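A.B. asks: A single structure is presented below for examination.
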Amino acid sequence: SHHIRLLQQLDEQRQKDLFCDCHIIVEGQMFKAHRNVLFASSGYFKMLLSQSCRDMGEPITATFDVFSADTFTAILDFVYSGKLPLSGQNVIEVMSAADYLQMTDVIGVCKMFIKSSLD
Amino acid sequence: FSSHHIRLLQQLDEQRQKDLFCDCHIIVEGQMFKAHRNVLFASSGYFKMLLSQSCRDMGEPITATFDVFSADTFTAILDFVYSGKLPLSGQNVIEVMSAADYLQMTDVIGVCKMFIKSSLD
């Protein structure tokens, strides 16, 4: 119960722009999140944020142009909730953006959605 | 229950052990504790109030000092924040619950209250 409650409050912080030390700019859209959460949930951010892992001050700004803003929205919502809204239209786009960000958990969820829909 | 929640909190604890993204230092009984501000803000009413002034300002790590409870008492509480497991026994169940109401942590109080009701029944 503690885990579910904590992540809901962590999701509330990024919505209210609280303790957001990381800015993600995808398709010209701004996304606010926490550095310690992205470092722990994505292999790409583990490498990108490793340089300034102990230095605090200016929020680290990251830019992406390889996936859409709606695709990153479903991925970023999964990080702060554990729920990934998958459908026949975005299952391939989300899974394709997941391996670039090196998120093995998202890839497995998208792969399971395909196996279920195909059966 | 969900694996994503369990996995994330385990990695957050690894960061605090390795002093990664730790923008908050807690000094209790002369012992140094490193942790994250966003995690403490979400798990404690006191830290929600303490970090509310610098919730959007980043820079110098916020240092918090406590002298009303011991370092071993705060260790069990801080470990519960980064794991969800609270080792309770007859020696520290009252000290942890007393320190929980000080930090305004209703979740820790409920665990101690459930631990007392179970042992006596």
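Ligands are numbered from 1 in the order shown, residues from 1 within each chain, and chains are lettered A, B, ... in the order they appear in the structure tokens.
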Per residue of chain A within 12 Å of chain B, record the nearest atom pair and its distance in Å to one decimal, counting only C-alpha atoms, with rows in chain order and ascending residue number, as a Markdown table.
C.D. replies:
```
| residue | atom | partner | partner_atom | distance |
| --- | --- | --- | --- | --- |
| A:1 | CA | B:1 | CA | 8.0 |
| A:2 | CA | B:84 | CA | 6.0 |
| A:3 | CA | B:5 | CA | 5.8 |
| A:4 | CA | B:5 | CA | 6.7 |
| A:5 | CA | B:42 | CA | 8.8 |
| A:6 | CA | B:42 | CA | 6.4 |
| A:7 | CA | B:5 | CA | 7.1 |
| A:8 | CA | B:42 | CA | 9.0 |
| A:9 | CA | B:42 | CA | 5.7 |
| A:10 | CA | B:42 | CA | 6.8 |
| A:11 | CA | B:42 | CA | 10.0 |
| A:12 | CA | B:42 | CA | 9.3 |
| A:13 | CA | B:38 | CA | 7.8 |
| A:14 | CA | B:38 | CA | 9.9 |
| A:16 | CA | B:56 | CA | 10.1 |
| A:17 | CA | B:56 | CA | 7.4 |
| A:18 | CA | B:55 | CA | 5.7 |
| A:19 | CA | B:55 | CA | 5.4 |
| A:20 | CA | B:56 | CA | 7.2 |
| A:21 | CA | B:58 | CA | 7.6 |
| A:22 | CA | B:58 | CA | 11.2 |
| A:32 | CA | B:56 | CA | 11.8 |
| A:33 | CA | B:38 | CA | 10.8 |
| A:34 | CA | B:38 | CA | 8.1 |
| A:35 | CA | B:21 | CA | 7.4 |
| A:36 | CA | B:21 | CA | 6.0 |
| A:37 | CA | B:12 | CA | 7.5 |
| A:38 | CA | B:8 | CA | 9.7 |
| A:39 | CA | B:11 | CA | 9.0 |
| A:40 | CA | B:11 | CA | 5.8 |
| A:41 | CA | B:8 | CA | 6.9 |
| A:42 | CA | B:8 | CA | 10.6 |
| A:46 | CA | B:20 | CA | 11.3 |
| A:49 | CA | B:21 | CA | 9.8 |
| A:50 | CA | B:20 | CA | 9.1 |
| A:51 | CA | B:20 | CA | 10.9 |
| A:52 | CA | B:21 | CA | 8.5 |
| A:53 | CA | B:21 | CA | 5.5 |
| A:54 | CA | B:21 | CA | 5.3 |
| A:55 | CA | B:21 | CA | 7.7 |
| A:56 | CA | B:59 | CA | 5.1 |
| A:57 | CA | B:59 | CA | 4.0 |
| A:58 | CA | B:58 | CA | 6.9 |
| A:59 | CA | B:58 | CA | 7.8 |
| A:60 | CA | B:58 | CA | 11.3 |
| A:78 | CA | B:4 | CA | 8.8 |
| A:79 | CA | B:4 | CA | 8.0 |
| A:80 | CA | B:5 | CA | 8.9 |
| A:81 | CA | B:5 | CA | 8.0 |
| A:82 | CA | B:4 | CA | 5.7 |
| A:83 | CA | B:4 | CA | 9.1 |
| A:84 | CA | B:4 | CA | 11.0 |
| A:103 | CA | B:4 | CA | 11.7 |
| A:104 | CA | B:4 | CA | 11.5 |
| A:105 | CA | B:4 | CA | 8.2 |
| A:106 | CA | B:4 | CA | 10.1 |
| A:109 | CA | B:4 | CA | 11.2 |
```
A.B. asks: For residue 89 (chain A), please output as JSON, numbers by chain all residues within 12 Å (counting only C-alpha atoms; exclusion window: fewer than 3 positions along the same chain).
C.D. replies: {"A": [70, 71, 85, 86, 92, 93, 94, 95, 110, 113, 114]}
A.B. asks: Could you pull out the strand (DSSP E) residues of region 6-66 of chain B, going by DSSP on the backbone, and write them as number ranges by chain?
C.D. replies: B: 24-28, 31-35, 62-66
A.B. asks: Enumerate the residues of chain A with a DSSP assignment of alpha helix (DSSP H), computed from the backbone, and present them as a JSON list (two decimals) with N, CA, C and O atoms, in the first residue's frame.
C.D. replies:
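Output file result38.json follows:
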```json
[["chain", "number", "residue", "atom", "x", "y", "z"],
["A", 2, "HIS", "N", 2.02, 1.17, 0.66],
["A", 2, "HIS", "CA", 2.95, 2.30, 0.69],
["A", 2, "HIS", "C", 3.47, 2.62, -0.70],
["A", 2, "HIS", "O", 3.61, 3.80, -1.06],
["A", 3, "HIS", "N", 3.77, 1.59, -1.50],
["A", 3, "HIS", "CA", 4.28, 1.81, -2.85],
["A", 3, "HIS", "C", 3.26, 2.53, -3.72],
["A", 3, "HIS", "O", 3.60, 3.49, -4.42],
["A", 4, "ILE", "N", 2.01, 2.08, -3.69],
["A", 4, "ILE", "CA", 0.97, 2.68, -4.53],
["A", 4, "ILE", "C", 0.75, 4.13, -4.13],
["A", 4, "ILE", "O", 0.58, 5.01, -4.98],
["A", 5, "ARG", "N", 0.74, 4.41, -2.82],
["A", 5, "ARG", "CA", 0.50, 5.77, -2.35],
["A", 5, "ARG", "C", 1.66, 6.70, -2.71],
["A", 5, "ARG", "O", 1.44, 7.86, -3.07],
["A", 6, "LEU", "N", 2.89, 6.20, -2.59],
["A", 6, "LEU", "CA", 4.06, 7.04, -2.86],
["A", 6, "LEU", "C", 4.11, 7.47, -4.33],
["A", 6, "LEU", "O", 4.36, 8.64, -4.63],
["A", 7, "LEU", "N", 3.88, 6.53, -5.25],
["A", 7, "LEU", "CA", 3.96, 6.87, -6.67],
["A", 7, "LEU", "C", 2.85, 7.84, -7.08],
["A", 7, "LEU", "O", 3.06, 8.66, -7.98],
["A", 8, "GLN", "N", 1.68, 7.74, -6.45],
["A", 8, "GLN", "CA", 0.62, 8.71, -6.72],
["A", 8, "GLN", "C", 1.04, 10.12, -6.32],
["A", 8, "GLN", "O", 0.74, 11.09, -7.02],
["A", 9, "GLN", "N", 1.75, 10.24, -5.19],
["A", 9, "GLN", "CA", 2.23, 11.55, -4.77],
["A", 9, "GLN", "C", 3.39, 12.02, -5.64],
["A", 9, "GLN", "O", 3.52, 13.21, -5.92],
["A", 10, "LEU", "N", 4.24, 11.09, -6.08],
["A", 10, "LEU", "CA", 5.31, 11.45, -7.01],
["A", 10, "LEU", "C", 4.73, 11.93, -8.33],
["A", 10, "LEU", "O", 5.27, 12.85, -8.96],
["A", 11, "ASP", "N", 3.62, 11.32, -8.77],
["A", 11, "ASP", "CA", 2.95, 11.78, -9.98],
["A", 11, "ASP", "C", 2.32, 13.15, -9.77],
["A", 11, "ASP", "O", 2.30, 13.98, -10.69],
["A", 12, "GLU", "N", 1.80, 13.41, -8.57],
["A", 12, "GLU", "CA", 1.23, 14.72, -8.27],
["A", 12, "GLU", "C", 2.28, 15.82, -8.30],
["A", 12, "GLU", "O", 1.98, 16.95, -8.69],
["A", 13, "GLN", "N", 3.52, 15.50, -7.91],
["A", 13, "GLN", "CA", 4.57, 16.51, -7.88],
["A", 13, "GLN", "C", 4.92, 16.99, -9.29],
["A", 13, "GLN", "O", 5.05, 18.20, -9.53],
["A", 14, "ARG", "N", 5.07, 16.06, -10.24],
["A", 14, "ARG", "CA", 5.40, 16.46, -11.60],
["A", 14, "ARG", "C", 4.25, 17.21, -12.26],
["A", 14, "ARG", "O", 4.48, 18.07, -13.12],
["A", 15, "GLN", "N", 3.00, 16.91, -11.87],
["A", 15, "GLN", "CA", 1.87, 17.66, -12.39],
["A", 15, "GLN", "C", 1.86, 19.09, -11.85],
["A", 15, "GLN", "O", 1.53, 20.03, -12.58],
["A", 35, "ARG", "N", 14.52, 13.79, -11.75],
["A", 35, "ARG", "CA", 15.74, 13.16, -12.25],
["A", 35, "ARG", "C", 15.92, 11.76, -11.66],
["A", 35, "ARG", "O", 16.26, 10.82, -12.38],
["A", 36, "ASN", "N", 15.71, 11.62, -10.35],
["A", 36, "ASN", "CA", 15.94, 10.33, -9.70],
["A", 36, "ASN", "C", 14.96, 9.27, -10.19],
["A", 36, "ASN", "O", 15.28, 8.08, -10.17],
["A", 37, "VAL", "N", 13.77, 9.68, -10.63],
["A", 37, "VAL", "CA", 12.80, 8.72, -11.14],
["A", 37, "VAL", "C", 13.17, 8.28, -12.56],
["A", 37, "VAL", "O", 13.09, 7.09, -12.89],
["A", 38, "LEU", "N", 13.58, 9.23, -13.41],
["A", 38, "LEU", "CA", 13.95, 8.87, -14.78],
["A", 38, "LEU", "C", 15.24, 8.07, -14.82],
["A", 38, "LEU", "O", 15.38, 7.15, -15.63],
["A", 39, "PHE", "N", 16.20, 8.41, -13.95],
["A", 39, "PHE", "CA", 17.45, 7.65, -13.89],
["A", 39, "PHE", "C", 17.19, 6.19, -13.52],
["A", 39, "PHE", "O", 17.91, 5.30, -13.97],
["A", 40, "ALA", "N", 16.18, 5.94, -12.69],
["A", 40, "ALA", "CA", 15.86, 4.60, -12.22],
["A", 40, "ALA", "C", 14.90, 3.85, -13.12],
["A", 40, "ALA", "O", 14.74, 2.63, -12.95],
["A", 41, "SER", "N", 14.25, 4.52, -14.08],
["A", 41, "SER", "CA", 13.23, 3.89, -14.90],
["A", 41, "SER", "C", 13.61, 3.78, -16.37],
["A", 41, "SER", "O", 12.86, 3.14, -17.13],
["A", 43, "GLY", "N", 17.02, 3.33, -19.28],
["A", 43, "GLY", "CA", 18.44, 3.14, -19.52],
["A", 43, "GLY", "C", 19.10, 4.32, -20.20],
["A", 43, "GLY", "O", 20.26, 4.63, -19.93],
["A", 44, "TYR", "N", 18.37, 5.01, -21.09],
["A", 44, "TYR", "CA", 18.92, 6.19, -21.74],
["A", 44, "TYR", "C", 19.15, 7.31, -20.73],
["A", 44, "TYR", "O", 20.24, 7.89, -20.67],
["A", 45, "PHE", "N", 18.14, 7.62, -19.92],
["A", 45, "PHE", "CA", 18.29, 8.64, -18.89],
["A", 45, "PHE", "C", 19.31, 8.22, -17.83],
["A", 45, "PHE", "O", 19.89, 9.09, -17.18],
["A", 46, "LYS", "N", 19.53, 6.92, -17.66],
["A", 46, "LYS", "CA", 20.60, 6.47, -16.77],
["A", 46, "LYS", "C", 21.96, 6.90, -17.30],
["A", 46, "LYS", "O", 22.85, 7.25, -16.51],
["A", 47, "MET", "N", 22.14, 6.88, -18.62],
["A", 47, "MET", "CA", 23.39, 7.34, -19.22],
["A", 47, "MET", "C", 23.43, 8.86, -19.35],
["A", 47, "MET", "O", 24.46, 9.47, -19.09],
["A", 48, "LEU", "N", 22.31, 9.47, -19.74],
["A", 48, "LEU", "CA", 22.29, 10.91, -19.96],
["A", 48, "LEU", "C", 22.46, 11.68, -18.65],
["A", 48, "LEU", "O", 23.19, 12.68, -18.61],
["A", 69, "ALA", "N", 5.15, 13.45, -29.23],
["A", 69, "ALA", "CA", 4.81, 13.89, -27.88],
["A", 69, "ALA", "C", 3.76, 12.98, -27.26],
["A", 69, "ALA", "O", 3.78, 12.74, -26.04],
["A", 70, "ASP", "N", 2.82, 12.48, -28.06],
["A", 70, "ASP", "CA", 1.82, 11.56, -27.54],
["A", 70, "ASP", "C", 2.43, 10.22, -27.17],
["A", 70, "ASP", "O", 1.98, 9.58, -26.21],
["A", 71, "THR", "N", 3.44, 9.77, -27.91],
["A", 71, "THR", "CA", 4.12, 8.53, -27.57],
["A", 71, "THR", "C", 4.88, 8.66, -26.26],
["A", 71, "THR", "O", 4.81, 7.78, -25.40],
["A", 72, "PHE", "N", 5.61, 9.77, -26.08],
["A", 72, "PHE", "CA", 6.33, 9.98, -24.83],
["A", 72, "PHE", "C", 5.38, 10.22, -23.67],
["A", 72, "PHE", "O", 5.72, 9.93, -22.52],
["A", 73, "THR", "N", 4.19, 10.76, -23.95],
["A", 73, "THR", "CA", 3.20, 10.97, -22.89],
["A", 73, "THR", "C", 2.76, 9.64, -22.29],
["A", 73, "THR", "O", 2.67, 9.51, -21.06],
["A", 74, "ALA", "N", 2.48, 8.65, -23.13],
["A", 74, "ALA", "CA", 2.08, 7.34, -22.62],
["A", 74, "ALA", "C", 3.22, 6.68, -21.85],
["A", 74, "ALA", "O", 2.98, 5.99, -20.85],
["A", 75, "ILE", "N", 4.46, 6.88, -22.30],
["A", 75, "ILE", "CA", 5.60, 6.31, -21.60],
["A", 75, "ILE", "C", 5.83, 7.03, -20.28],
["A", 75, "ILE", "O", 6.02, 6.40, -19.23],
["A", 76, "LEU", "N", 5.82, 8.37, -20.30],
["A", 76, "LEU", "CA", 6.03, 9.13, -19.07],
["A", 76, "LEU", "C", 4.92, 8.90, -18.06],
["A", 76, "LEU", "O", 5.17, 8.89, -16.85],
["A", 77, "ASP", "N", 3.68, 8.70, -18.53],
["A", 77, "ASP", "CA", 2.59, 8.38, -17.62],
["A", 77, "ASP", "C", 2.77, 7.00, -17.00],
["A", 77, "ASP", "O", 2.38, 6.78, -15.85],
["A", 78, "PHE", "N", 3.37, 6.06, -17.74],
["A", 78, "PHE", "CA", 3.64, 4.74, -17.19],
["A", 78, "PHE", "C", 4.69, 4.80, -16.08],
["A", 78, "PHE", "O", 4.62, 4.02, -15.13],
["A", 79, "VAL", "N", 5.65, 5.71, -16.19],
["A", 79, "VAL", "CA", 6.70, 5.81, -15.18],
["A", 79, "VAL", "C", 6.12, 6.26, -13.84],
["A", 79, "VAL", "O", 6.55, 5.80, -12.77],
["A", 91, "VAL", "N", 0.62, 0.87, -30.11],
["A", 91, "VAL", "CA", 1.42, -0.19, -29.51],
["A", 91, "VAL", "C", 2.79, -0.28, -30.17],
["A", 91, "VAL", "O", 3.79, -0.58, -29.50],
["A", 92, "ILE", "N", 2.87, -0.01, -31.47],
["A", 92, "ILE", "CA", 4.15, -0.09, -32.17],
["A", 92, "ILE", "C", 4.98, 1.16, -31.93],
["A", 92, "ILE", "O", 6.21, 1.09, -31.79],
["A", 93, "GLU", "N", 4.34, 2.33, -31.88],
["A", 93, "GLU", "CA", 5.07, 3.57, -31.65],
["A", 93, "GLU", "C", 5.66, 3.62, -30.25],
["A", 93, "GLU", "O", 6.80, 4.06, -30.06],
["A", 94, "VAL", "N", 4.90, 3.17, -29.25],
["A", 94, "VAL", "CA", 5.39, 3.18, -27.87],
["A", 94, "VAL", "C", 6.53, 2.18, -27.71],
["A", 94, "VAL", "O", 7.55, 2.48, -27.08],
["A", 95, "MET", "N", 6.38, 0.98, -28.27],
["A", 95, "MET", "CA", 7.44, -0.02, -28.18],
["A", 95, "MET", "C", 8.69, 0.42, -28.91],
["A", 95, "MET", "O", 9.81, 0.15, -28.46],
["A", 96, "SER", "N", 8.53, 1.10, -30.05],
["A", 96, "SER", "CA", 9.69, 1.59, -30.79],
["A", 96, "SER", "C", 10.41, 2.69, -30.02],
["A", 96, "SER", "O", 11.65, 2.73, -30.01],
["A", 97, "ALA", "N", 9.67, 3.59, -29.38],
["A", 97, "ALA", "CA", 10.29, 4.61, -28.55],
["A", 97, "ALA", "C", 10.88, 4.04, -27.27],
["A", 97, "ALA", "O", 11.76, 4.66, -26.67],
["A", 98, "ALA", "N", 10.41, 2.87, -26.83],
["A", 98, "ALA", "CA", 10.91, 2.29, -25.59],
["A", 98, "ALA", "C", 12.34, 1.77, -25.72],
["A", 98, "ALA", "O", 13.17, 2.00, -24.83],
["A", 99, "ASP", "N", 12.65, 1.08, -26.82],
["A", 99, "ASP", "CA", 14.00, 0.54, -26.97],
["A", 99, "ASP", "C", 15.04, 1.64, -27.18],
["A", 99, "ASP", "O", 16.21, 1.46, -26.84],
["A", 100, "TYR", "N", 14.63, 2.78, -27.75],
["A", 100, "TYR", "CA", 15.54, 3.91, -27.85],
["A", 100, "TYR", "C", 15.87, 4.46, -26.47],
["A", 100, "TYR", "O", 17.03, 4.75, -26.17],
["A", 101, "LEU", "N", 14.86, 4.61, -25.62],
["A", 101, "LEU", "CA", 15.07, 5.04, -24.24],
["A", 101, "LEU", "C", 15.58, 3.91, -23.35],
["A", 101, "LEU", "O", 15.86, 4.15, -22.17],
["A", 104, "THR", "N", 13.21, -1.71, -20.83],
["A", 104, "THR", "CA", 12.84, -3.10, -21.09],
["A", 104, "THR", "C", 11.45, -3.43, -20.57],
["A", 104, "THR", "O", 10.78, -4.31, -21.12],
["A", 105, "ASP", "N", 11.00, -2.75, -19.52],
["A", 105, "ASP", "CA", 9.69, -3.03, -18.96],
["A", 105, "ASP", "C", 8.58, -2.61, -19.92],
["A", 105, "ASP", "O", 7.57, -3.32, -20.04],
["A", 106, "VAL", "N", 8.74, -1.48, -20.59],
["A", 106, "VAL", "CA", 7.73, -1.03, -21.55],
["A", 106, "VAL", "C", 7.70, -1.96, -22.75],
["A", 106, "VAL", "O", 6.63, -2.23, -23.31],
["A", 107, "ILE", "N", 8.86, -2.45, -23.18],
["A", 107, "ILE", "CA", 8.92, -3.35, -24.33],
["A", 107, "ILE", "C", 8.16, -4.64, -24.04],
["A", 107, "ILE", "O", 7.43, -5.16, -24.89],
["A", 108, "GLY", "N", 8.33, -5.17, -22.82],
["A", 108, "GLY", "CA", 7.63, -6.39, -22.47],
["A", 108, "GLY", "C", 6.12, -6.21, -22.42],
["A", 108, "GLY", "O", 5.37, -7.11, -22.81],
["A", 109, "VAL", "N", 5.66, -5.05, -21.94],
["A", 109, "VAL", "CA", 4.23, -4.79, -21.88],
["A", 109, "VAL", "C", 3.65, -4.67, -23.28],
["A", 109, "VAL", "O", 2.58, -5.22, -23.58],
["A", 110, "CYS", "N", 4.34, -3.95, -24.17],
["A", 110, "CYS", "CA", 3.87, -3.82, -25.54],
["A", 110, "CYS", "C", 3.91, -5.16, -26.27],
["A", 110, "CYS", "O", 3.01, -5.47, -27.06],
["A", 111, "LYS", "N", 4.94, -5.96, -26.02],
["A", 111, "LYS", "CA", 5.02, -7.28, -26.65],
["A", 111, "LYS", "C", 3.90, -8.19, -26.17],
["A", 111, "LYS", "O", 3.35, -8.98, -26.95],
["A", 112, "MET", "N", 3.55, -8.11, -24.88],
["A", 112, "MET", "CA", 2.44, -8.90, -24.37],
["A", 112, "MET", "C", 1.11, -8.44, -24.93],
["A", 112, "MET", "O", 0.21, -9.26, -25.14],
["A", 113, "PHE", "N", 0.95, -7.14, -25.18],
["A", 113, "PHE", "CA", -0.28, -6.64, -25.77],
["A", 113, "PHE", "C", -0.46, -7.18, -27.18],
["A", 113, "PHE", "O", -1.58, -7.48, -27.60],
["A", 114, "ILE", "N", 0.64, -7.31, -27.93],
["A", 114, "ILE", "CA", 0.55, -7.82, -29.29],
["A", 114, "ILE", "C", 0.20, -9.30, -29.28],
["A", 114, "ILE", "O", -0.64, -9.76, -30.06],
["A", 115, "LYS", "N", 0.83, -10.07, -28.38],
["A", 115, "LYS", "CA", 0.54, -11.50, -28.31],
["A", 115, "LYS", "C", -0.90, -11.76, -27.90],
["A", 115, "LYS", "O", -1.51, -12.73, -28.36],
["A", 116, "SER", "N", -1.46, -10.91, -27.04],
["A", 116, "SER", "CA", -2.84, -11.09, -26.62],
["A", 116, "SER", "C", -3.81, -10.74, -27.75],
["A", 116, "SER", "O", -4.79, -11.45, -27.98],
["A", 117, "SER", "N", -3.55, -9.63, -28.44],
["A", 117, "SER", "CA", -4.43, -9.20, -29.52],
["A", 117, "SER", "C", -4.38, -10.15, -30.70],
["A", 117, "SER", "O", -5.41, -10.37, -31.36],
["A", 118, "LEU", "N", -3.21, -10.73, -30.99],
["A", 118, "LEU", "CA", -3.06, -11.62, -32.13],
["A", 118, "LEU", "C", -3.71, -12.98, -31.90],
["A", 118, "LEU", "O", -4.06, -13.66, -32.87]]
```
A.B. asks: Calculated over only C-alpha atoms, which of the candidates B:119, B:32, B:49, B:18 has the smallest distance to residue 90 (chain B)?
C.D. replies: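 Smallest distance to residue 90 (chain B) is found for B:119.
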A.B. asks: Residue 61 (chain A): which residues within 8 Å, counting only C-alpha atoms, same-chain residues fewer than 4 positions away excluded, as an MDAnalysis selection string?
C.D. replies: chainID A and resid 22:25
A.B. asks: Filtering to N, CA and C atoms, could you give me those residues as a PDB file, in the first residue's frame?
C.D. replies:
```
ATOM      1  N   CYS A  22      14.221  18.069 -13.943  1.00  0.00           N
ATOM      2  CA  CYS A  22      14.469  17.573 -15.289  1.00  0.00           C
ATOM      3  C   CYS A  22      13.353  18.037 -16.210  1.00  0.00           C
ATOM      4  N   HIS A  23      13.731  18.578 -17.364  1.00  0.00           N
ATOM      5  CA  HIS A  23      12.789  19.020 -18.382  1.00  0.00           C
ATOM      6  C   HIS A  23      13.032  18.224 -19.654  1.00  0.00           C
ATOM      7  N   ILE A  24      11.968  17.644 -20.201  1.00  0.00           N
ATOM      8  CA  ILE A  24      12.039  16.856 -21.425  1.00  0.00           C
ATOM      9  C   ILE A  24      11.244  17.586 -22.496  1.00  0.00           C
ATOM     10  N   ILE A  25      11.893  17.867 -23.621  1.00  0.00           N
ATOM     11  CA  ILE A  25      11.284  18.576 -24.739  1.00  0.00           C
ATOM     12  C   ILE A  25      11.189  17.600 -25.902  1.00  0.00           C
TER      13      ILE A  25
END
```
A.B. asks: Of the candidates B:111, B:93, B:103, B:88, which shows the shortest atom-to-atom distance to residue 44 (chain B), using only C-alpha atoms?
C.D. replies: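 Going through B:111, B:93, B:103, B:88 one by one, the smallest distance to residue 44 (chain B) is for B:103.
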